[PDB]
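S.K.: My questions will all concern the structure given below.
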Amino acid sequence: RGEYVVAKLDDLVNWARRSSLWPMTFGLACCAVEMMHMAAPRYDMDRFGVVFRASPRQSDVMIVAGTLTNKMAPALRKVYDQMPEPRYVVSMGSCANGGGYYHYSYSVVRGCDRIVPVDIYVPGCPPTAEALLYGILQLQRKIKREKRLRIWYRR
Amino acid sequence: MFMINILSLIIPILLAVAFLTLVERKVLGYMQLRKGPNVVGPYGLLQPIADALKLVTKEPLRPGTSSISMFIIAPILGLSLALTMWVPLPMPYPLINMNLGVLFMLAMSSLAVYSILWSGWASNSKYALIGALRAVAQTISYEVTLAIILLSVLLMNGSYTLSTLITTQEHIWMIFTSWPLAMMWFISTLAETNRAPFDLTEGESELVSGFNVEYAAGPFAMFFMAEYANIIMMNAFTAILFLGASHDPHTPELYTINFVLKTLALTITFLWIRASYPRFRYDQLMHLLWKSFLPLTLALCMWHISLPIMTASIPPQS
Amino acid sequence: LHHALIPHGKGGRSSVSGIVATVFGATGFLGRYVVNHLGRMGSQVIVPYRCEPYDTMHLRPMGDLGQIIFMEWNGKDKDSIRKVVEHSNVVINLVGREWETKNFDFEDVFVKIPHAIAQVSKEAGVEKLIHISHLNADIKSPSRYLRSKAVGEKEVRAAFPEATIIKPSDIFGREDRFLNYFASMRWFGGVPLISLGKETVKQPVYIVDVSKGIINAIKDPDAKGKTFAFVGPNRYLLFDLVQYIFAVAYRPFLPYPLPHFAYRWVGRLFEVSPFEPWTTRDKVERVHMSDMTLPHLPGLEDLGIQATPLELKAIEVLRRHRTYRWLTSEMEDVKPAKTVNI
Amino acid sequence: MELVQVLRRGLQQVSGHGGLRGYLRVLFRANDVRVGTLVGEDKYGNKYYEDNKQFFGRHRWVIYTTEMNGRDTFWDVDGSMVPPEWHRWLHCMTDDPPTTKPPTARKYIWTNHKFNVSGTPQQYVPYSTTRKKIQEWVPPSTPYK
Amino acid sequence: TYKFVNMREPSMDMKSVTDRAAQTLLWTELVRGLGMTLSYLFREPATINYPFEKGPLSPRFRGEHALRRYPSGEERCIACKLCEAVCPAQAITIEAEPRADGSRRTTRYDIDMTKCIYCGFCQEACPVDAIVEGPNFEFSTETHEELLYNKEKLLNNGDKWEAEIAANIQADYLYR
Amino acid sequence: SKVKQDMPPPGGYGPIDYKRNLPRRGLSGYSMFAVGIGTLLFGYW
Ligand SMILES: COC1=C(OC)C(=O)C(C/C=C(\C)CC/C=C(\C)CC/C=C(\C)CC/C=C(\C)CC/C=C(/C)CC/C=C(/C)CC/C=C(\C)CC/C=C(\C)CC/C=C(\C)CCC=C(C)C)=C(C)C1=O
Ligand SMILES: NC(=O)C1=CN([C@@H]2O[C@H](COP(=O)(O)OP(=O)(O)OC[C@H]3O[C@@H](n4cnc5c(N)ncnc54)[C@H](OP(=O)(O)O)[C@@H]3O)[C@@H](O)[C@H]2O)C=CC1
Ligand code: SF4
Ligand code: SF4
Ligand code: SF4
C-alpha cells in the first residue's frame with residue numbers, strides 16, 4: 001500500500017538526516033569549550049555521525065553555544081538564513097537559552113529563540129559535554145519522529 | 001558487455017570513494033585517540049550510505065549572485081574527469097589500452113583544475129575567488145614538476161603506455177631505481193589532488209571552505225566525489241609507476257590483489273600525513289617547489305637522460 | 001473581560017493585550033503575518049496545525065515565551081476544532097488552498113471546513129470570528145474556488161451571524177504566488193497572456209495592509225457582522241501589471257496571446273503533477289477575472305489603514321527574481337505601471 | 001602466541017552474549033561486544049555490568065531495557081533511563097551498587113523513574129502557583145434602580 | 001631564575017652539517033612526526049560508549065535544582081529567602097504565606113533554569129538544606145517554557161532524585 | 001578523634017618529570033646517504 005511505501009521512505013530519509021547531522025562551528029563563549037570537549041576523544045562526536053563543518057551552506061544543526069549579544073544577533077540571524085533546509089538549532093547554555101548571567105544587561109539578547117527558532121534547549125552554565133551529547137541525541141530522536149512524506153500522502 | 005566493463009569501472013569506484021570517507025574518519029580518529037564513526041550499523045559501515053542519502057536530499061540552494069551555467073557545469077566536469085581518468089590504468093589489463101596513457105592522464109589532470117576554477121569564479125564570493133587563485137598557483141607550480149618527474153621516471157619504461165610498466169618492473173620495483181624522484185612525485189600527488197599539507201584551496205582554518213563554500217548538498221557531494229576519486233586514482237598511478245607487482249598472465253587476480261593492496265597502502269599513507277602535519281602557507285608551497293623541487297628534478301632529469309646511454313640500457317619502445 | 005484579559009503593558013512582546021485568538025491555517029502567507037502582529041502586541045495565540053511541526057518552526061519566534069501554543073487539528077474532526085477554540089476570544093479562519101488535493105476539494109477547504117469552524121466557534125462561546133474570502137467571490141464564477149468561497153461565506157454568515165467577513169482582492173508579498181507566479185512564468189518561454197491580457201483589471205492589496213486590517217478589525221468594536229473588502233489603492237490593467245512586474249525584475253518580457261481552451265489544457269497538464277501544482281485551471285481562470293468593484297462594502301480605509309501602492313512594496317517581492325545583473329538597482333529606476341482610474 | 005589467544009577470545013565475545021543472536025543484539029544495540037560481570041538489574045529491566053580491568057570511564061556500563069513505561073526502547077535509548085538509585089553507581093560517584101548498599105527508603109520517594117518527559121504529552125507546563133491578589137466587586141443582582 | 005628557550009647555535013662540524021643536509025633532503029623529523037601518529041593509532045582510544053557508558057562525576061556535582069523535604073514528609077523549605085537573596089542571576093522567585101497549619105512555607109517557589117548559572121550558592125545559603133543542586137544533568141527540553149521550573153516541578157525533582165541526593169549530601173556534608 | 005584531610009603521604013610524593021625528553025634516534029647523515037646511493041646503484045644494475 002502507498003502508506004507503507006511512504007512510511008518506509010520516511011524512515012530512510014529520517015535515518016539519513018539523524019545519522020549524518022553535520023553541526024556548525026559557531027562557538028561563542030565558554031559554552032563552546034564543552035562544545036569542544038564533546039568533540040574531544042572522551043565523547044567524540046564523530047562516532048555518532050556528527051562532524052563539525054563550517055560554511056553554513058553544508059551544515060544542518062546550529063549549536064548556539066555562548067552569550068548572544070545585540071551586536072552579534074544580526075550576524076547569527078543572517079547565518080541561520082544561509083543554512084539550506086532542513087535546519088535545526090540547538091541552544092547550549094543558559095545565556096543562549098534565556099539570557100543566563102547577563103539576562104538584565106543592555107547588550108544581550110534575552111534568549112536565542114528571539115532571533116532563530118530554537119529546536120533543542122540544552123541547559124547548563126556550561127552544560128556538561130555529556131548533557132550536550134544528550135541534547136544532540138534528543139534532536140536525533142526528534143528527526144527520527146518526523147512525518148514529512150506521511151503528511152504529504154495525507155496532504 | 002563493453003558497457004558491462006564501463007559500469008564495472010564506475011560503480012565499484014564510487015563505492016570505494018564512499019568507503020574512503022569512512023576509512024579516513026576512522027584512521028584519522030584513531031590517530032587522534034578517538035574512535036571515528038561507530039554507531040551506524042557495525043563499525044560505521046553505513047556512514048557513507050547515510051551521508052550519501054543526506055547530501056542528495058538536502059536542499060541545493062543556488063546563490064543569487066551565481067552564474068548558474070558554470071556553477072552547474074563545474075561539478076559535472078570534476079566528476080566526469082575523475083571517473084574518466086580511471087580507464088587507462090593497467091589494472092591487470094587496462095580497459096582502454098592507449099599508446100599514450102601517461103600523456104592522456106596528465107591532460108585530464110590538468111583539465112580537472114578547470115572545475116575548481118569555474119566553480120570558484122561562478123560562485124561570486126570573496127573566499128571562493130581567493131581559493132580559485134590559490135588553486136591556480138598551486139596546480140601550475142606542481143604541474144611543472146609532475147610533467148618533468150613523469151618524463152624522468154618513464155625514460156626507463158621506453159614509452160608512455162601504462163601496461164609496459166608492469167614489464168619494466170618485472171624483477172625490481174622502480175622505486176629502487178628512482179627513489180629521489182619518487183619522493184618528489186609523492187609530494188606532487190599530495191598537491192595536485194589538493195590534499196594535505198597543501199589543501200590550501202579549501203583552507204578550512206582560513207578560507208572557511210574555499211571553493212566549496214557556496215556549494216551545498218548534491219554539487220558539494222559531487223565535488224567531494226571528484227576529489228576522493230582523484231585521491232585513489234593518484235595513489236593507484238603511484239603504485240603502478242614505482243611499486244610494481246608480479247603479474248601472472250594466467251591468473252590476473254594475483255596482480256589485482258597486489259595492486260589493490262599497494263593502492264590501499266598509499267592511500268593510508270595519504271590519510272597518515274593528513275593527520276600528522278600543520279598546513280603550508282601559500283607562497284611556501286610555491287617557494288618549496290620553484291626553489292627546491294624544480295632544480296633537483298631538473299638535475300635528476302639530466303641524470304636519467306644520460307643513465308641508459310652510459311650503461312647501454314636503453315629500454316625498447318615496443 | 002476576565003481578570004487576565006484586561007489589557008496591560010505598552011504593546012510590546014511581554015504585555016497582556018487580551019486578544020487570545022485561534023488562527024486556523026496560520027502556517028502560510030498571511031497566517032504567518034497575522035500571527036506576527038498578534039505576537040507583536042502580546043496576545044496568546046492558539047495556532048493549530050496539521051503539517052509537520054518543523055514547518056511551524058518559523059511560527060515559534062514571534063511571540064513571548066508561553067504565548068504561542070501549537071496544537072494538532074484535523075479539518076474533518078469537530079473535536080479538534082472544539083479543543084483548539086475552547087478558550088479563545090477570537091477565531092480567525094485562514095484555511096485555504098489554491099488547488100484541490102486528492103483528500104480535499106475546494107468545497108472541503110472553503111465550505112465544509114469553514115462551516116465546522118464557525119459552528120464549533122459559536123458553540124464554544126467565542127465573541128469574534130474573522131472569516132476570509134476572496135473579493136471576486138461569485139456563485140456563478142467559472143472557477144470553483146470563487147464559487148466555493150461564495151457558498152462558504154453564506155454558510156459562515158448563517159452559522160455565525162456576527163462573524164466579520166473580509167474579502168481581500170489579491171495579496172502580493174514576499175511569498176504571494178501572485179507576483180512570484182508572474183515572475184516564475186519566465187521559465188516557460190514567454191508570458192502567455194490570454195487575449196494579450198488587455199481586458200483584465202486587477203487591484204492587488206499589500207499583505208501587511210491585510211494583516212493590519214485583520215488586527216484592527218479584531219480591535220474595532222464595530223467589525224461584528226460587517227463584510228469588509230480589502231483592496232489596493234490603484235487598479236492595474238493586467239498587461240501593464242505584468243509589464244511592471246517584469247520591469248522591476250528586469251527580466252525580458254515576451255507577451256504571447258493564447259486561446260482560452262489551450263490554456264485550460266495547459267492548466268490540466270500542470271494539474272497532473274502529484275506535487276505542488278504550479279498552475280491549475282482555477283489558477284489560469286482567476287488571473288483572467290477582473291476585480292469586481294464593490295463600493296457599497298466597507299473598505300480598509302474605514303478601519304484606519306492606508307493602502308500601500310504596489311510600486312513602493314514591489315522591490316521586496318521581485319528582488320529575489322532578478323539576476324546578478326540588476327540585483328542592486330534602486331526602487332525608483334522603474335516607472336509605475338499606468339493604472340486605469342477607479 | 002598472543003595472536004591465537006586474541007583470535008580465541010573473540011569467540012568468548014560471542015559465547016558470553018548468549019550465542020550469535022545475542023552477539024548481534026548487543027552489537028546493534030549497545031555498539032559494543034565486550035562482556036562483563038552482571039553487577040545487577042533494576043525493576044525497569046536495564047542490566048548493569050562492571051569490569052574493573054577496563055580503564056576508568058568504561059569499567060561500568062548499562063544495557064538499557066527493551067521496554068520502559070509504555071515505550072519501546074529496543075532501538076532508541078537515552079541517559080535518563082537510569083533509575084536514581086543506580087545513577088550514583090553508574091557515574092562512578094560511589095563504589096557501592098544498590099544491590100549491596102541500597103538507598104534509604106522513604107514514603108515521598110517515587111516508585112517509577114520517569115524518563116525525560118519532553119516531547120511526549122506528559123510534558124511540564126510552567127504556571128503560577130499562587131492565588132489571586134486583587135479581588136473584584138461582584139456587583140449585586142437586584143435591579144433596584 | 002630564567003632560561004633561554006631558543007638560544008642554541010648549531011654546530012658547524014662537517015658531520016653536523018652533513019646530518020642537517022640529510023635531514024633536509026631525506027626528511028627525518030617528518031618521519032618522526034609520522035612515527036608518533038603511528039604509535040598513537042596503535043594505542044587504545046579514549047572514547048567512552050555514551051549513553052551506555054557515562055563519564056565519571058563527584059558527589060559535589062551541580063545539576064538540576066531540586067527541593068528536598070524532611071523524612072517525616074514536611075518540606076524543608078521555610079521561605080527564609082536566603083537563596084533568592086543570594087542568587088547571582090536572580091533566578092529564584094519566592095512568595096510566602098502562612099499555611100493553614102501555621103508553618104511558613106512558600107506559596108510560590110520558582111527557579112528559572114534558563115537564567116540559572118548553576119553556581120550552587122543557593123544550596124550553601126539554605127540553612128535547612130531545602131534547595132539543592134541534584135545530580136541530574138540530562139534534562140534538556142524541546143521548548144523554552146519547560147525550563148521555567150515551578151514549585152511543583154521542583155518538588156517532583158526532590159521526590160524523584162531523593163535517593164541520590166540524600167546519599168550525595170551524606171557523602172559531602174562533612175566537608176561543608 | 002584526630003583531624004583527617006587530604007594530605008601527601010608521610011614520605012612525600014615521588015619525583016615528577018618535567019624536562020624535555022625528546023629522544024635521539026636514527027642513523028648518521030653519512031650512513032643515510034650511503035644507503036640511498038647503494039639502493040640507487042643496485043636498482044641501476
Ligand atoms: C579561543 O577561543 C575559541 C572560541 O572561543 C569562544 C571559539 O568559539 C572557537 C570556535 C569553535 C569551534 C570551531 C568549535 C570546535 C570545533 C572543533 C574542535 C572541530 C572538531 C571536528 C571534528 C571532530 C571532525 C573533523 C573531521 C574529520 C576528522 C574528517 C572529516 C572528513 C569527512 C570525509 C567527513 C564526511 C563528509 C563527506 C561529504 C563524505 C560523505 C559523502 C559520501 C560518502 C558520498 C557517497 C555517495 C555515493 C556512494 C553515491 C553512489 C552512487 C552510485 C553507486 C550510482 C550513482 C548513479 C546514478 C545514475 C544515480 C574557537 C576555534 C576558539 O579558538
Ligand atoms: N491572494 C490570495 O492568496 C488570497 C487568499 N485569500 C484566502 O486567504 C486564506 C489564506 O491564504 P494563504 O495564506 O495565501 O494560503 P496558503 O496556501 O499559503 O496557506 C493556506 C493555509 O491553510 C491550511 N490548510 C489548507 N487546507 C487545509 C486542510 N484541508 N486542513 C487543514 N489546514 C489546511 C494550510 O496548511 P498547510 O500549510 O499545511 O498546507 C495553510 O496553513 C485562504 O482562505 C485564501 O483563499 C483571500 C484573498 C486573497
Ligand atoms: S550559559 Fe553560562 S557557560 Fe554558557 S555562555 Fe552563558 S555564562 Fe557562559
Ligand atoms: S545554583 Fe542555580 S538556583 Fe542556585 S543560586 Fe546558583 S543559579 Fe541560582
Ligand atoms: S534558602 Fe532554603 S529555606 Fe530559605 S527560602 Fe530558599 S529553599 Fe527555602
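Convention: chains lettered A, B, ... in C-alpha cells order; per-chain residue numbering from 1; ligands numbered from 1 as shown.
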Identify, counting only C-alpha atoms and all ligand atoms, the protein, DNA and RNA residues located within 7 Å of ligand 3, and give them as a PyMOL selection string.
M.R.: (chain A and resi 29-31+65-67+92-96+100-101+124-126) or (chain E and resi 117)
S.K.: Give me a file of those residues, with N, CA, C and O atoms, as a compact mmCIF listing (two decimals), in the first residue's frame.
M.R.:
```txt
# COMPACT_ATOMS: atom_id res chain seq x y z
N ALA A 29 31.01 31.52 23.39
CA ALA A 29 31.59 31.77 24.70
C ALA A 29 31.96 30.46 25.37
O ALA A 29 32.08 29.43 24.71
N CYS A 30 32.17 30.50 26.69
CA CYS A 30 32.55 29.31 27.46
C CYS A 30 31.74 28.07 27.10
O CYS A 30 32.28 26.96 27.17
N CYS A 31 30.48 28.23 26.68
CA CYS A 31 29.71 27.08 26.23
C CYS A 31 30.33 26.41 25.00
O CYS A 31 30.01 25.26 24.70
N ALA A 65 26.23 28.19 21.22
CA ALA A 65 26.92 27.95 22.48
C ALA A 65 27.61 29.25 22.87
O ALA A 65 28.62 29.63 22.28
N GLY A 66 27.06 29.92 23.88
CA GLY A 66 27.59 31.18 24.35
C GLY A 66 26.54 32.26 24.37
O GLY A 66 25.43 32.11 23.85
N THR A 67 26.92 33.38 24.98
CA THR A 67 26.01 34.51 25.08
C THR A 67 25.77 35.13 23.71
O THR A 67 26.72 35.40 22.96
N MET A 92 22.75 25.89 23.53
CA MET A 92 23.58 25.45 24.65
C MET A 92 23.64 26.57 25.68
O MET A 92 23.84 27.73 25.33
N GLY A 93 23.48 26.21 26.94
CA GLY A 93 23.79 27.15 28.00
C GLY A 93 22.64 28.08 28.32
O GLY A 93 21.78 28.36 27.48
N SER A 94 22.65 28.60 29.55
CA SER A 94 21.58 29.50 29.98
C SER A 94 21.61 30.81 29.21
O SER A 94 20.55 31.38 28.91
N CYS A 95 22.80 31.31 28.89
CA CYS A 95 22.90 32.57 28.16
C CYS A 95 22.22 32.48 26.80
O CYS A 95 21.41 33.34 26.44
N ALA A 96 22.54 31.44 26.04
CA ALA A 96 21.89 31.27 24.74
C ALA A 96 20.45 30.80 24.88
O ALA A 96 19.67 30.93 23.93
N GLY A 100 20.88 33.80 30.75
CA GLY A 100 21.92 33.38 31.67
C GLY A 100 22.25 34.44 32.71
O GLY A 100 21.37 35.13 33.24
N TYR A 101 23.54 34.56 33.00
CA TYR A 101 24.01 35.52 33.99
C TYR A 101 23.63 36.94 33.60
O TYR A 101 23.08 37.70 34.41
N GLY A 124 22.44 24.46 31.23
CA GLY A 124 23.75 24.36 31.85
C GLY A 124 24.45 25.70 31.78
O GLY A 124 24.10 26.59 31.01
N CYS A 125 25.47 25.85 32.63
CA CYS A 125 26.29 27.07 32.65
C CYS A 125 27.71 26.72 33.07
O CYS A 125 28.14 27.03 34.19
N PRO A 126 28.47 26.07 32.19
CA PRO A 126 28.08 25.50 30.90
C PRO A 126 27.52 24.10 31.07
O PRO A 126 27.80 23.44 32.07
N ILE E 117 22.72 30.03 36.69
CA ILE E 117 24.12 29.83 36.34
C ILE E 117 24.72 28.62 37.02
O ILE E 117 25.93 28.36 36.86
```
S.K.: Identify every residue of chain F that has at least one atom within 7 Å of any atom of chain E, counting only C-alpha atoms, and report the result as a PDB file with C-alpha atoms, in the first residue's frame.
M.R.:
```
ATOM      1  CA  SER F  28      74.086   9.372  10.760  1.00  0.00           C
ATOM      2  CA  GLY F  29      73.825  11.529   7.659  1.00  0.00           C
ATOM      3  CA  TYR F  30      76.738   9.715   6.030  1.00  0.00           C
TER       4      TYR F  30
END
```
S.K.: Need the shell around residue A:36: protein/DNA/RNA residues with any atom at most 10 Å away, counting only C-alpha atoms. Skip same-chain ones fewer than 2 positions apart. Format as a list in words?
M.R.: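 With the cut-off at 10 Å, the set is residues 25, 27, 31, 32, 33, 34, 38, 39, 40, 41, 43, 44, 45, 52 and 129 of chain A.
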S.K.: List every residue of chain A that DSSP, applied to the backbone of this structure, assigns to helix (DSSP H, G or I), and report them as a PyMOL selection string.
M.R.: chain A and resi 2-19+31-37+45-48+56-58+73-82+93-97+100-102+112-114+129-144+148-153
S.K.: Using Å and a single decimal, report how far atom CA of residue D:47 sits from atom CA of residue D:100.
M.R.: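 If I compute the distance from atom CA of residue D:100 to atom CA of residue D:47, I get 15.6 Å.
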S.K.: Kindly give the distance, in Å, that separates atom CA of residue A:21 and atom CA of residue B:49, rounded to a single decimal.
M.R.: 13.5 Å
S.K.: Compute the set of chain D residues within 7 Å of chain E, using only C-alpha atoms, and express it as a ChimeraX atom specification.
M.R.: /D:30,57-58,60-63,78-80,84-85,88,90-93,103-104,106,108-110,116,118-119,124-127,129-130
S.K.: For the selection you just gave me, I'd like the residues written to a file as a CSV table (one decimal), in the first residue's frame, keeping C-alpha atoms.
M.R.:
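Saved file out_29.csv follows:
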```csv
chain,number,residue,atom,x,y,z
D,30,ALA,CA,24.9,-1.0,22.5
D,57,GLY,CA,35.4,5.5,32.4
D,58,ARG,CA,34.3,2.2,30.8
D,60,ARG,CA,30.9,0.1,34.4
D,61,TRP,CA,28.1,0.2,31.8
D,62,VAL,CA,24.4,-0.4,31.0
D,63,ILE,CA,22.5,-2.3,28.5
D,78,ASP,CA,18.9,7.8,26.4
D,79,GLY,CA,20.7,8.6,29.6
D,80,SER,CA,17.6,9.4,31.5
D,84,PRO,CA,18.1,7.4,40.6
D,85,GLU,CA,19.5,4.8,42.9
D,88,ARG,CA,25.3,7.1,41.5
D,90,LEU,CA,27.0,4.2,37.0
D,91,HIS,CA,28.6,7.7,37.1
D,92,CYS,CA,31.5,6.5,39.3
D,93,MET,CA,30.2,8.7,42.2
D,103,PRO,CA,19.5,3.7,49.3
D,104,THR,CA,17.4,4.7,52.3
D,106,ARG,CA,11.0,7.0,52.4
D,108,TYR,CA,7.7,10.5,49.3
D,109,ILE,CA,10.3,8.8,47.0
D,110,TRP,CA,8.8,7.7,43.7
D,116,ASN,CA,12.8,12.7,30.1
D,118,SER,CA,10.0,16.3,26.9
D,119,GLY,CA,8.1,15.8,23.7
D,124,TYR,CA,5.9,20.1,32.1
D,125,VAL,CA,4.0,23.4,31.5
D,126,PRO,CA,5.0,26.3,33.8
D,127,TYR,CA,2.2,28.1,35.6
D,129,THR,CA,1.4,28.5,41.8
D,130,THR,CA,-0.1,31.4,43.7
```
S.K.: Excluding residue A:1 and its own-chain neighbours fewer than 6 positions away, which residues fall within 12 Å of it when counting only C-alpha atoms? Please give them as number ranges by chain.
M.R.: A: 7-8, 153
S.K.: Deliver the residues from the most recent selection as a file, using C-alpha atoms, as a JSON list (two decimals), in the first residue's frame.
M.R.:
```
[["chain", "number", "residue", "atom", "x", "y", "z"],
["A", 7, "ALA", "CA", 6.35, 5.15, 5.71],
["A", 8, "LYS", "CA", 9.50, 3.28, 4.68],
["A", 153, "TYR", "CA", 0.40, 11.50, 1.49]]
```
S.K.: Identify every residue of chain C that has at least one atom within 12 Å of any atom of chain D, counting only C-alpha atoms, and report the result as a PyMOL selection string.
M.R.: chain C and resi 1-4+53+65-67+69+71-72
S.K.: Using only C-alpha atoms and all ligand atoms, which protein or nucleic acid residues are at most 7 Å from ligand 4, as a PyMOL selection string?
M.R.: chain E and resi 65+83+86-92+111+116-123+133
